[PDB]
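Report on the following structure.
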Amino acid sequence: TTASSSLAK
Amino acid sequence: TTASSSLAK
Amino acid sequence: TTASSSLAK
Amino acid sequence: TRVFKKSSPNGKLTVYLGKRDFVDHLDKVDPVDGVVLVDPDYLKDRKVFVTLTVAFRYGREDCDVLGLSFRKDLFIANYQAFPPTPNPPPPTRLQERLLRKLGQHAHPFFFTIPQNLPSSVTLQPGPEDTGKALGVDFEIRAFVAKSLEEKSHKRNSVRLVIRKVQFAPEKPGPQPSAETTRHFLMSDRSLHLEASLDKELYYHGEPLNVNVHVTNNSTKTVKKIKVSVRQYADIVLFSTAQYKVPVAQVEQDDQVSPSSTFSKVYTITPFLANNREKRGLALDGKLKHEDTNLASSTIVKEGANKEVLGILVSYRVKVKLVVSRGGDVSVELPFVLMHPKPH
Amino acid sequence: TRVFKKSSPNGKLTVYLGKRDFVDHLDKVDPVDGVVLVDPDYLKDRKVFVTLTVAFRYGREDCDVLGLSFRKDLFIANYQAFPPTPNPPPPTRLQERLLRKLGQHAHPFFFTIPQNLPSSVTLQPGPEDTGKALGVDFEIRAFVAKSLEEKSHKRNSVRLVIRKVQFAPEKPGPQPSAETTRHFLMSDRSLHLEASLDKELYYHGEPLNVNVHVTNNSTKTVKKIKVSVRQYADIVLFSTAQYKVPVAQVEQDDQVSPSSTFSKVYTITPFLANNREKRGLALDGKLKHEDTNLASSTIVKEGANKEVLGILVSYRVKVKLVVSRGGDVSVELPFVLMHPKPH
Amino acid sequence: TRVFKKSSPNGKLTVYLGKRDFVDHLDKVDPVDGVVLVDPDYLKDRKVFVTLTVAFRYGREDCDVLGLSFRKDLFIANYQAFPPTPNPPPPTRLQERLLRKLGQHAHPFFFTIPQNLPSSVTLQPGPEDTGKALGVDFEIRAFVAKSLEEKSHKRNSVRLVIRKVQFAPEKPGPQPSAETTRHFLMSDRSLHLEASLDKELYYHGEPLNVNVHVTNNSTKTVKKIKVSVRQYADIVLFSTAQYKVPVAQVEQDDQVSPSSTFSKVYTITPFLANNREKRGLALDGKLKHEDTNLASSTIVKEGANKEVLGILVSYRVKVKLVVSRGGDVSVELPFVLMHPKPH
Amino acid sequence: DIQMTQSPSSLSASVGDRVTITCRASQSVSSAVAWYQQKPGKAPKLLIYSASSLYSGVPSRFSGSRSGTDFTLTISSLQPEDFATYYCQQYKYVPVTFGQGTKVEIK
Amino acid sequence: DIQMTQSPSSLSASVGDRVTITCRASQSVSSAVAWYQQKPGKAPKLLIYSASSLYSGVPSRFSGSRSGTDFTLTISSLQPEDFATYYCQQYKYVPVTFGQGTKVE
Amino acid sequence: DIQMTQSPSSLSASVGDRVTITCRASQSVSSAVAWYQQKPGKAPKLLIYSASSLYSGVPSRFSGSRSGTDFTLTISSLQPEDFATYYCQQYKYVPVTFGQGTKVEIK
Amino acid sequence: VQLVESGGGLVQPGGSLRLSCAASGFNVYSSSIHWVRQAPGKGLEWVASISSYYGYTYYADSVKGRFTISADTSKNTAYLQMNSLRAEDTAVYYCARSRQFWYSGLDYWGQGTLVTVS
Amino acid sequence: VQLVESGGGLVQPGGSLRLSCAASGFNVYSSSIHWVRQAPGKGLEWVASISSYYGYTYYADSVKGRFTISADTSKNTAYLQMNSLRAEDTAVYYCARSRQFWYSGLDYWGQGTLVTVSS
Amino acid sequence: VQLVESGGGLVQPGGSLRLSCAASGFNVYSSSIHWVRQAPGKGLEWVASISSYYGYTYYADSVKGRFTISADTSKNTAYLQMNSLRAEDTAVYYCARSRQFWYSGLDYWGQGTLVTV
């Protein structure tokens, strides 16, 4: 369930 | 020994 | 090791 | 009407009390008011008191050799019976009528239980132990003494156990139900389920008919279905804790196939007879050693706060769907369990 | 006179003390006053400290792999030996004479134990455990440091153990006796009994004689008669507790027939040899691991208060009459057990 | 870069963090700052809160029937994410960039850990028990409620685990070593010994080399040699406590003869695989159930004070010279054990 | 056993009268008395429980009350449907026990 | 298994050029990817670990970057001793998996 | 064993005299020393216990004191019924040890 | 709510028989089944009982070991087996409900069934 | 620091051979030993590993139960038993070091040795 | 208060004999019985003791296993069994009382009885 996303520099 | 008596009406 | 000594009258 | 009486072995000190099962209303709680009769010549110069304790006791008073009395108090109060204290806390009709019976040798006494206290509750003694087991108990004591710190003695003091118990509200709340959609890691194919009860409030021993619904729009198989009623005993003596145990459960082998749907109602009853040996199951307030029902579910007041010391006990149903090759899923839902208001 | 001494493994820190056992008299307790000696160059302007501690310990300091020390402190105090403080706490005769030997390279130190504290008491190690077992132990530690919170290395500190112990009063109290009736539920037929002792106070190992007298104006038969000596330990470490165990007892088949009267004397002795394995039996203060008497009954002061801060131990005799077809009856009575004031 | 996320099962509430493992440096500890995203119309009249808790938890969330949840709390902080609070606690670079990503459905949140708190630690679950075992854990919880005292619900809340961990200092400390002189009660003939280490600080699994030297100018024989590494858990919860266990050791039969000298170097490694079943061994912080190193040794701050509110864990080497017919002697010495500063 | 005495063994009355029946416990059972009505052949019906509280659906012209250990059942105004026999009971101690039975009839 | 694929199978360039090689995961693996270089007939050397951080001692003209679940290895300026075959792997699930391989000339 | 040494083996005196008897420990026994008197052919009597305290009922003209490892028994003023033999012992460690013994007589 | 009996009739002296009590409209986990009996025209007597919620059963001393009791909580009925019938035990027998929490007399009575011995 | 494996050569179909990997300059308690293999000219593949600190071992499913891996932590050396060889498994085999805390790719590689299968 | 002995007399080497010590006026749960011996005219020696309150017993090394000491706390007496007498053991034997709390020297002495062998 604990996930990650993106965040562009 | 827990007993009862008689409060009257 | 608990020891003893002397001491005067 | 009737009254309950207890007295010291010397007969000089006697306590009369109106009721043994006190009730609370979540906005008001009945007092423990009564009268104490004392021989005015015997007391000499000693003062006379009644004292109330609610204690997280352990062990029993059988004079057994146990690891007795982890006696943490939750609340304690005192009242001066003699010499006559001033007006507070004027006599109720029951007090006045007791006085009419007993005469001037009696003196009234009074208490108010604070709202923030439990009911009487007892944890079932393990058969490997001896004697009684832990449980928060109310107790009222009266004695003749030189001072509140003075030493106790059997002829000086008398003991009487009482209970604080809760009954059903006048109207029910919403029906308990819950549902879930177990979709798998990436694909849309899923396992879906529901459950519900007749009502949220039940009387002891009356059967729960738990409704269940399953919608398996997936390739996996639901291997086995189980219903359990779980008891939760929150222990808040000094550090928060809880002990939770299944008190009844039933299994259905009626598997649900892939790409299939199913629904049924299961009948389940919480009851003590088959749980006799299980340690840690919370029973309702025992007077001395009596048998009695599973602990009626304590209900929090409208004003929440923590509102908890000692033992708090509640119930939930849970339905588990055992699934082939893993991926099992369950649903959980509460309900309350207590007697109807006597009349 | 003579003096004990102890020193650090580096030899640069040494503590002299007058006595290892300290008496208390419920209104006065001897100080732990002594002197400490240090090498003035080595101390390098570290401060020199001594600290009395009363600790509710568990497990031995043997460096075994045990689950060591539920190490609650009951009380701890501090004194700054060097640099010299102002005059308080002036030297007693003993410290004057110690200093007249040792010179100014030694400095006096002083304590008064707060009177409301236990005696040195050790609970007997159960053979299933390892090493020592729990008990309230005094200790005096002397050390050198820049700050009281400093790591306190072993070469920087030294340890010495002391005891606080109580002895018999110079005048005895009233004789312990008790009596009881067991009348049947409605009829005047009755079983009745008495018991009494030689004294309230006994020396360890001296035989107790308990008198027993029975009146049986009833149809029931007294099958068997028991005399036991019960030991009571009032542990109050965190919340009030109690532990109780029989330390010796005698039984005989000298029945009392229906409609009959009877009397006898029982001679009983508390002693440790036949209790070698029992866990939870309270033993008097041990220096390291020495055997010693069953814990002498520690007595409250004239002003009672709570009377227990660590371990408090007392004894009571109880006599039970075993009756045919049920209806046993018993009686209990106290006595105290301690050494006499040494000559 | 990357960002971790978790969300409520209803999807209306989501929380983002930059890191799961937070370093501390004994002068500064990284904040747990992040952002929380919520449907502003779903919450209606509820308020969004985030709460940090560090707890001395026991048991596990496996839905097991255990004696669950000794939920002692060491430290708790709360923050009102919505409605928008004033300027404290200005957004960091990470929070600004997260806001630029997510848009105004997100609101920032912040914490700072008090310095005097442990690392994440877990005691090894004994195989005789079920589920997890006790160990201080950090958790961050975010939820919607009408009030902070309101009842919790799954759809209302999201819950995430984080770790606080320590790494090696930038420079090493002084070398660890010790020595001892076992002279006999009066004889000049004596036994003397030494031991020393490579470093004070070691990486996990890297072999330790202990030098040993023996000077047996005496008649007795050193029959056997042992080197052991001992682990100490300075557990505190309301009382002080300690648990100590050997984690690896090596024996050598190379006896030292009377009137003789000897020296050797022994290589030893702490590792988990051969301690798999030992209860009470302290493991480093687990996220859910992962395996991990023996707990990295907690190092106290320069301003120490007590420093202990949970688990403090340290290691020591000790060497035992098994002397025949008395004279047995040993020595102990410390070292620290932790990962290097990642890069 | 908690034996029971009940008297009179038979009674008689007319419509509208006030009639009394007594049951005396051989031991001081507190208040666990109850009273039942048996018509001939037919099964019973319970009339009074806990020695004072009349049971639902019963016409209130039935009535009883405690007096020490002498429990009294009365009929406030006898009506032509009452002609039956009535039984006393205690339920505090097992085994529960029985009245001797007392009939009621016209004269 | 977590299957692994990469493209193109072969390519060619000249000295100084900027060239790209792409590896694609069959499942959403995290940044736990690494790259290796193999000269023919010889053992490998690792070039990129954790998908961004170039390994110590490698000339910085090698590089790599994560793009969601597509991992890109690009060489900033090819040099006359880069002519070798290159491999891709994931490493946060066991069994680990290695790509089909690529070559440069 | 805690060996014991006692000297001189025999000595003599006259009525009223001061006399000294010495017992030397082979190890630093603290104070657990006692002294006994034996008449010929008859059972002992204890004179000094704990190395300083004289035992009840003994005339105070007997006396002893500690000096380091060496314990000294003395007679403050000898009398015509003292002529007997005297024995030293330690009691700090088991097995206890009794001394060589010495005798005292008139001339 | 209703309560029904079956199994009565005629029995040989020294024979054995079984009786049944089927309950409709109340549950045998918040209730109880009591059996009480009446020789013709005589004052009725209490004989046997089951209290399913606690699990106990109780009997009168005049029938202990000869009568025995059981109940099924899914079929919601109670049964008793009587061994070695005798002239002292021939009578009519009733089964009846009692409130479980807490005992308040025998509310509902089965229509009665009889056990002749001949 | 170096890693070397030896013992390769020629094997019978249905035979067995034991390969060795001796490690110099790093410890087998703060590291691990992994084995990967390469049929000639093909993309190499992972086969087996041993993690001495935790005590576990792992294998590829194509080889589970048929191969076995082992190591000695005093000799600082690993061995594996290539049992029941066959045509599908002939290849060159490498032993490679990895960081234990925490896994950062196979970075020290042995020179590689080969396992032919033939009569 | 008194302490009394019996059982001495004549023995031949290799034989065994038993000695008794009856205590009057003091109890054997706050006291102890000790045995010490004296060859004719020689300096006396300590041989055996029993400490009832703790339960232990002790012996001299010249005599361990070959002697045995025992007591009865209801009859309030002590006995010891001398097995396998030899010429080295011929002596007079005394039984003596000691304070248990705490040891203060052998103060009540039995009248002494002798073992010729």
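The way I read the labels, and the way they are meant: chains A, B, ... in the order of the structure tokens, residue 1 as the first residue of every chain, and ligand 1 as the first ligand shown, with later ones counted on from there.
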For this session: Taking only C-alpha atoms into account, report as a list in words which residues of chain G lie within 10 Å of chain D.
Result: residues 30, 31 and 66 of chain G
Which residues of chain K come within 6 Å of chain F, and for each one, what is the closest pair of atoms and their distance in Å to one decimal, counting only C-alpha atoms, sorted by chain and residue number, as a Markdown table?
```
| residue | atom | partner | partner_atom | distance |
| --- | --- | --- | --- | --- |
| K:29 | CA | F:205 | CA | 4.7 |
| K:30 | CA | F:205 | CA | 4.4 |
| K:53 | CA | F:271 | CA | 5.7 |
| K:54 | CA | F:273 | CA | 4.7 |
| K:55 | CA | F:273 | CA | 4.7 |
```
For this session: Can you check which residues of chain K DSSP gives as strand (DSSP E) on the backbone and send them as a ChimeraX atom specification?
Result: /K:2-6,9-11,17-24,31-38,45-50,57-59,67-72,77-82,91-99,108-109,113-117
Counting only C-alpha atoms, which residues of chain H fall within 12 Å of chain F, and what is the closest atom pair for each with its distance in Å at one decimal, ordered by chain and rising number, as a Markdown table?
```
| residue | atom | partner | partner_atom | distance |
| --- | --- | --- | --- | --- |
| H:30 | CA | F:2 | CA | 9.5 |
| H:31 | CA | F:2 | CA | 8.8 |
| H:50 | CA | F:1 | CA | 11.9 |
| H:51 | CA | F:1 | CA | 11.3 |
| H:52 | CA | F:1 | CA | 9.9 |
| H:53 | CA | F:343 | CA | 10.1 |
| H:55 | CA | F:343 | CA | 11.9 |
| H:56 | CA | F:343 | CA | 11.8 |
| H:65 | CA | F:1 | CA | 10.5 |
| H:66 | CA | F:1 | CA | 9.4 |
| H:67 | CA | F:1 | CA | 10.6 |
| H:68 | CA | F:2 | CA | 10.3 |
```
Problem set entry | Close residues, residue 333 (chain E) itself excluded, 9 Å, only C-alpha atoms, min 6 positions apart in chain, as a count of residues only | 10
Exercise. What residues in chain E lie within 12 Å of chain D, counting only C-alpha atoms, written as a PyMOL selection string?
Worked result: chain E and resi 178+180-182+230-247+279-281+300+302-307+318+320+330-333
Could you dump the residues just selected with C-alpha atoms as a tab-separated table (two decimals), in the first residue's frame?
```
chain	number	residue	atom	x	y	z
E	178	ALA	CA	-9.11	-15.19	70.71
E	180	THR	CA	-15.21	-17.82	68.55
E	181	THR	CA	-18.63	-19.46	68.42
E	182	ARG	CA	-20.18	-21.55	65.63
E	230	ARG	CA	1.50	-17.91	58.67
E	231	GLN	CA	3.92	-15.32	57.31
E	232	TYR	CA	2.70	-12.14	55.61
E	233	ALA	CA	4.74	-9.92	53.28
E	234	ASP	CA	3.18	-6.56	52.41
E	235	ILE	CA	4.97	-5.64	49.19
E	236	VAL	CA	4.18	-2.04	48.27
E	237	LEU	CA	6.70	-1.52	45.45
E	238	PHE	CA	4.29	0.20	43.04
E	239	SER	CA	0.75	-0.71	44.14
E	240	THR	CA	-0.31	-2.44	47.34
E	241	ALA	CA	0.23	-6.20	47.32
E	242	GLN	CA	0.52	-9.14	49.69
E	243	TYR	CA	2.15	-12.57	49.69
E	244	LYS	CA	1.51	-15.20	52.35
E	245	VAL	CA	2.95	-18.65	53.07
E	246	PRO	CA	2.87	-21.16	55.97
E	247	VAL	CA	6.33	-21.46	57.52
E	279	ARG	CA	9.88	-19.22	47.04
E	280	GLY	CA	8.63	-15.94	48.47
E	281	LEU	CA	9.54	-16.65	52.09
E	300	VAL	CA	5.45	0.24	63.11
E	302	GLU	CA	3.72	4.91	67.55
E	303	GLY	CA	2.48	7.19	64.78
E	304	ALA	CA	1.20	4.72	62.23
E	305	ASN	CA	0.88	6.54	58.90
E	306	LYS	CA	1.08	4.05	56.02
E	307	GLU	CA	3.74	2.03	57.90
E	318	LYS	CA	-4.17	-19.61	63.00
E	320	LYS	CA	-8.59	-24.55	62.22
E	330	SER	CA	-11.03	-21.18	62.35
E	331	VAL	CA	-9.36	-18.41	64.36
E	332	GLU	CA	-6.23	-16.30	63.86
E	333	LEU	CA	-4.06	-14.22	66.18
```
Which neighbours of residue 6 (chain B) fall inside 12 Å, counting only C-alpha atoms, when residues of the same chain fewer than 5 positions from it are skipped, and could you give them as a CSV table (one decimal) with C-alpha atoms, in the first residue's frame?
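The resulting file, out.csv, is reproduced below:
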```csv
chain,number,residue,atom,x,y,z
D,1,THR,CA,-40.5,-2.9,50.1
D,2,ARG,CA,-37.4,-4.5,51.4
D,3,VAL,CA,-34.0,-3.6,52.8
D,4,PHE,CA,-30.6,-5.5,53.0
D,5,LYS,CA,-28.8,-5.7,56.3
D,16,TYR,CA,-28.8,-1.0,56.3
D,17,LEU,CA,-28.8,-0.4,52.5
D,18,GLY,CA,-31.6,0.1,50.1
D,97,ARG,CA,-38.6,5.9,56.7
D,98,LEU,CA,-35.6,3.8,57.8
D,100,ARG,CA,-38.7,6.1,61.5
D,101,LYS,CA,-38.2,2.4,61.9
D,102,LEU,CA,-34.8,2.4,63.7
G,30,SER,CA,-37.0,-14.2,50.9
G,66,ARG,CA,-45.8,-11.0,51.3
G,67,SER,CA,-46.0,-11.1,55.1
G,68,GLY,CA,-42.9,-12.4,56.7
G,69,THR,CA,-42.9,-16.0,55.7
```
Problem set entry | Close residues, residue 23 (chain D) itself excluded, 6 Å, only C-alpha atoms, min 3 positions apart in chain, as an MDAnalysis selection string | chainID D and resid 164:166
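A straight line drawn from CA of residue 45 (chain F) to CA of residue 94 (chain F) is 29.4 Å long.
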For this session: Define the interface residues of chain J facing chain G as those within 10 Å, counting only C-alpha atoms, and report them as a ChimeraX atom specification.
Result: /J:36,40-49,58-61,94,96,103-112
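Using only C-alpha atoms for every distance, the candidate list E:254, E:310, E:198, E:290 yields E:290 as the residue closest to chain L.
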Identify every residue of chain H that has at least one atom within 10 Å of any atom of chain K, counting only C-alpha atoms, and report the result as a compact mmCIF listing (two decimals) with N, CA and C atoms, in the first residue's frame.
```txt
# COMPACT_ATOMS: atom_id res chain seq x y z
N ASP H 1 8.50 -14.36 -12.09
CA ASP H 1 9.65 -13.50 -12.33
C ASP H 1 9.23 -12.09 -12.69
N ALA H 32 15.60 0.70 -7.70
CA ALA H 32 16.61 -0.33 -7.42
C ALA H 32 17.02 -1.04 -8.71
N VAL H 33 17.72 -0.30 -9.56
CA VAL H 33 18.22 -0.82 -10.83
C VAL H 33 19.72 -0.57 -10.90
N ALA H 34 20.43 -1.44 -11.61
CA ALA H 34 21.87 -1.27 -11.81
C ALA H 34 22.24 -1.72 -13.21
N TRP H 35 23.37 -1.22 -13.70
CA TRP H 35 23.85 -1.48 -15.05
C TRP H 35 25.27 -2.01 -15.00
N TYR H 36 25.62 -2.88 -15.95
CA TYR H 36 26.96 -3.44 -16.02
C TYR H 36 27.51 -3.39 -17.43
N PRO H 40 34.09 -8.35 -24.42
CA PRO H 40 33.98 -9.74 -24.86
C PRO H 40 35.08 -10.61 -24.26
N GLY H 41 34.68 -11.74 -23.69
CA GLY H 41 35.61 -12.68 -23.11
C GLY H 41 36.10 -12.34 -21.72
N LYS H 42 35.56 -11.31 -21.09
CA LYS H 42 36.05 -10.83 -19.81
C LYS H 42 34.90 -10.65 -18.83
N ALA H 43 35.25 -10.56 -17.55
CA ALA H 43 34.27 -10.36 -16.50
C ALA H 43 33.72 -8.94 -16.54
N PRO H 44 32.54 -8.71 -15.96
CA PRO H 44 31.94 -7.37 -16.01
C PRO H 44 32.58 -6.33 -15.11
N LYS H 45 31.98 -5.15 -15.11
CA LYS H 45 32.24 -4.06 -14.18
C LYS H 45 30.92 -3.33 -14.02
N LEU H 46 30.60 -2.88 -12.81
CA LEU H 46 29.34 -2.18 -12.62
C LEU H 46 29.53 -0.69 -12.89
N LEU H 47 28.55 -0.10 -13.56
CA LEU H 47 28.63 1.28 -14.01
C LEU H 47 27.65 2.19 -13.28
N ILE H 48 26.40 1.76 -13.13
CA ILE H 48 25.37 2.54 -12.47
C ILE H 48 24.73 1.65 -11.41
N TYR H 49 24.57 2.19 -10.20
CA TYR H 49 23.80 1.53 -9.15
C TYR H 49 22.75 2.47 -8.58
N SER H 50 21.61 1.89 -8.20
CA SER H 50 20.41 2.61 -7.75
C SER H 50 19.89 3.58 -8.81
N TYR H 55 29.15 4.66 -10.29
CA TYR H 55 30.05 3.97 -9.39
C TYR H 55 31.43 4.61 -9.38
N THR H 85 29.59 -4.62 -24.68
CA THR H 85 28.19 -4.96 -24.54
C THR H 85 27.73 -4.66 -23.11
N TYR H 86 26.51 -4.13 -22.98
CA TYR H 86 26.02 -3.56 -21.73
C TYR H 86 24.73 -4.24 -21.30
N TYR H 87 24.56 -4.40 -19.99
CA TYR H 87 23.47 -5.16 -19.39
C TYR H 87 22.76 -4.36 -18.31
N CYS H 88 21.50 -4.73 -18.07
CA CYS H 88 20.60 -4.06 -17.14
C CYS H 88 20.00 -5.07 -16.19
N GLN H 89 19.80 -4.68 -14.93
CA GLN H 89 19.13 -5.56 -13.99
C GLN H 89 18.34 -4.75 -12.97
N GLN H 90 17.30 -5.38 -12.43
CA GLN H 90 16.63 -4.94 -11.22
C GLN H 90 17.22 -5.72 -10.05
N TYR H 91 17.08 -5.17 -8.83
CA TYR H 91 17.60 -5.92 -7.69
C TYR H 91 16.77 -5.90 -6.41
N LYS H 92 15.57 -5.34 -6.37
CA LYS H 92 14.82 -5.37 -5.12
C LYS H 92 13.77 -6.48 -5.06
N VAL H 94 13.78 -10.92 -5.58
CA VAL H 94 14.49 -12.15 -5.90
C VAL H 94 13.51 -13.10 -6.58
N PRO H 95 13.91 -13.80 -7.65
CA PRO H 95 15.24 -13.80 -8.27
C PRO H 95 15.51 -12.51 -9.05
N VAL H 96 16.75 -12.02 -9.04
CA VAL H 96 17.07 -10.88 -9.88
C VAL H 96 17.06 -11.31 -11.34
N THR H 97 16.91 -10.34 -12.23
CA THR H 97 16.79 -10.62 -13.65
C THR H 97 17.71 -9.71 -14.44
N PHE H 98 18.35 -10.27 -15.45
CA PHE H 98 19.27 -9.53 -16.30
C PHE H 98 18.68 -9.38 -17.70
N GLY H 99 18.95 -8.25 -18.32
CA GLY H 99 18.39 -7.97 -19.63
C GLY H 99 19.03 -8.80 -20.73
N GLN H 100 18.44 -8.69 -21.92
CA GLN H 100 18.91 -9.46 -23.07
C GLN H 100 20.23 -8.96 -23.63
N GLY H 101 20.65 -7.75 -23.27
CA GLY H 101 21.95 -7.27 -23.67
C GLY H 101 21.92 -6.42 -24.93
N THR H 102 22.97 -5.60 -25.06
CA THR H 102 23.14 -4.63 -26.14
C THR H 102 24.62 -4.46 -26.41
```
For chain A, report every residue with an atom at most 10 Å from chain H (counting only C-alpha atoms), formatted as a PDB file with C-alpha atoms, in the first residue's frame.
```
ATOM      1  CA  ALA A   3       3.683   3.826  -2.545  1.00  0.00           C
ATOM      2  CA  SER A   4       5.813   6.394  -4.358  1.00  0.00           C
ATOM      3  CA  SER A   5       4.985   9.105  -6.884  1.00  0.00           C
ATOM      4  CA  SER A   6       7.041  11.455  -9.014  1.00  0.00           C
TER       5      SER A   6
END
```
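Matched residue by residue, the Cα atoms of chain I sit on those of chain G with an RMSD of 0.3 Å after a least-squares fit.
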